[PDB]
Structure formats: C-alpha cells, structure tokens
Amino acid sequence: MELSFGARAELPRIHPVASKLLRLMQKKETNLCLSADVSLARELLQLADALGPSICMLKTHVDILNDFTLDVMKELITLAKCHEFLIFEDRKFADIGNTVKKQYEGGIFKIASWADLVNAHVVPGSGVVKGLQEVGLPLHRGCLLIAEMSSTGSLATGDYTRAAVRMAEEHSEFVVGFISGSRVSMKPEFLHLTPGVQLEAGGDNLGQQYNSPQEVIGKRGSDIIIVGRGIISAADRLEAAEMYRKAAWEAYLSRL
C-alpha cells in the first residue's frame, strides 16, 4: 500500500527533482524543511551550514534578504550540495503566465538559476503553471502548487483545493507536489509539504495557526514539515531542528 520515501523515489511517474529529494530524505532520515526566515545573508548561510545535515530542504524568501546578491545564492548552493538538501524559494507566483515567466527567470533575483523548487498559487488558472514551466522545464526545475494554507480565513478550501490537485496532476512534467495542510492527492508521486508547524499549540497575531508534526505527518498524511519560528527564534537552532526532524521522521515511520 503505502510506500517509503525511497520507494516513492523510484515510481514510474516520479519527477527527477522529487526523486532526488525523496532519496536524500530517506538517506538522511529527514522530512524537515527549514523556513529560513531571516534578513541577513550571514545568518542564512550559518543556518544552512549548521542545520544542513538535519534538513531535506531549505525554504527561502529572498525578497526579505536585506543584503541579497547572486553570490549569496552561489554560497547557499555550495552548502546545499555539501549537506544534500534542496533549495525552495517560497515566491508564491500568482500572476498571469506571461508575467510569472519573467518574474521567475529575470530581474535581480534570477530565481530559476538557483531554486530547485518554487511554488505558485492556482487562483490565476493554469496559465500560471504554463508560464513558469516555460522557464522551469528547460532548467530542470520543479514546482509546488498551493492547495491549502495554514492561516485563519484561508480561501484555499473545497473546490479551490480540488482545482489545485487537478492542475498539478495535469502538469506533472513540472509540478511535483503541494503546499497543503494534509494529503490532498492520492497519487504517491506528489509531495505534500506543510507549513504552520510547531511542537506547542498556538499561532501568531497575524493569522498563523500551528499544528504539531505528529498531527500533520501522522494524522493528516503529509510528507514534509516546514518550520520557521519554531526553529529560528529558539536559542539553539541546531537542537531545535533536531527536535523537529525527529518528530516528523517518527510520525512518518509510524504511519508507514
């Protein structure tokens, strides 16, 4: 029935980026994505180096990096290759296809040049994916579609979520999975990544809501936890990352 990450990495219809990710998840016993929500390049790189062994993925918001340069991203790639994790820019492309292709390839960030994965909202219709994939397919990249959100009042529910699943499953040459709160596709080739995760109950004062790794991986069937402040705001970010890694990994093993 359910397959391990290592077996999912071999599925006939697996995308190469998903396969690479699934293999390193199994090798390293990690299904943790660090949300590296910092404004300094030095802190980003120090976190990537120290936490690299503990993570399958590092998620960026490079538009909050006060001292972004392309050379910072070259350094990040070196760490990603060393420690074996993917880089996911959480850009939330959400425009018409003709615009998003330029936002993905160009400008000062040149996201496609360094991000293994990006994500998109499905609200514009499938042209958002078609535009991205024109840049992403030649660059051998993957994309995640936002099927659900963690925040209070999210409209990514019901028929909207179903539309995201259909759009992913119809663009499988580029779309490798979802941002979601739970398993939303029954096809094991697709990844499920879940933000809004902390060990303790709570939220923030701007609509964020938290659930635990056991809830999201174990009871809701997601694959990967995305954790920002639960790690970033801790004193010892390495031990915090290890606590989240162990939590998510055991929840995965026990559902398997």
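Note that residue numbering begins at 1 and tracks the sequence as displayed. Superpose the two forms; the largest set of C-alphas matching within 1.5 Å is the rigid core.
Averaged over structures and residues, the CA distance from the shown form in 7 other deposited structures of this protein after a core fit is larger for 135 to 143, of the two stretches 135 to 143 and 79 to 87.
According to the PDB record, 167 to 175 carries the higher mean C-alpha B-factor of the two stretches 167 to 175 and 115 to 123. For the segment pair 199 to 207 and 222 to 230, the entry gives 199 to 207 the higher mean B-factor, averaged over Cα atoms. In this structure the maximum Cα B-factor among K130, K92, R141, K110 is found at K130. The entry lists a Cα temperature factor for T157 that places it in the highest third of the chain's modelled residues. Per the deposited record, the Cα B-factor of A248 falls in the lowest third when ranked against the other modelled residues of its chain. Annotation for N66: C-alpha temperature factor in the highest third relative to the rest of the modelled chain, per the entry. In the PDB entry, a CA B factor belonging to the middle third of its chain's modelled residues is recorded for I77. Sort the modelled residues of the chain by CA B factor and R42 lands in the middle third.
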